[PDB]
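In the entry's author numbering, the protein residues as written are 1 to 93.
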């Protein structure tokens, strides 16, 4: 079809992945260096806030939307796994 390399199909066949927001994970990579000394799979929101502040570059809408989505009670604690599954949400089933 005329002018297919634009609307029909470009270099990639309608593939949003690959050149998407794959840096949002690398930006958080700073967890291993400033949040991985001697901690299990559980971290409270209170502690997380301090670490995230100068550790992992994240906006409120990401940390806050995750702070509540991670803790059902909203008591101010977090399930490290629930949070880890956010940046590691690339394995279905």
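Quick reminder that beta carbons are idealized off the backbone N, C-alpha and C, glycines included.
Collapsing the DSSP output to three states places residue 64 in a helix. With respect to residue 55, residue 35 sits close: the two C-beta atoms are nearer than 8 Å.
If you ignore the 5 residues before and after residue 27, its C-beta comes within less than 8 Å of the C-beta of 56, 57, 58, all in its own chain and listed in chain order. If you keep only unbroken alpha helix (DSSP H) runs of at least 4 residues inside the segment 17 to 72, you get 23 to 26, 45 to 54, 60 to 70. The segment 40 to 48 makes contact with the segment 63 to 81; the number of CB pairs closer than 8 Å reaches 3 or more. Residue 10 is not a Cβ neighbour of residue 1, given a cutoff of 8 Å.
For residue 80, the enclosing alpha helix (DSSP H) begins and ends at 80 to 87. Going by beta carbons, residue 86 and residue 67 fall outside the 8 Å limit.
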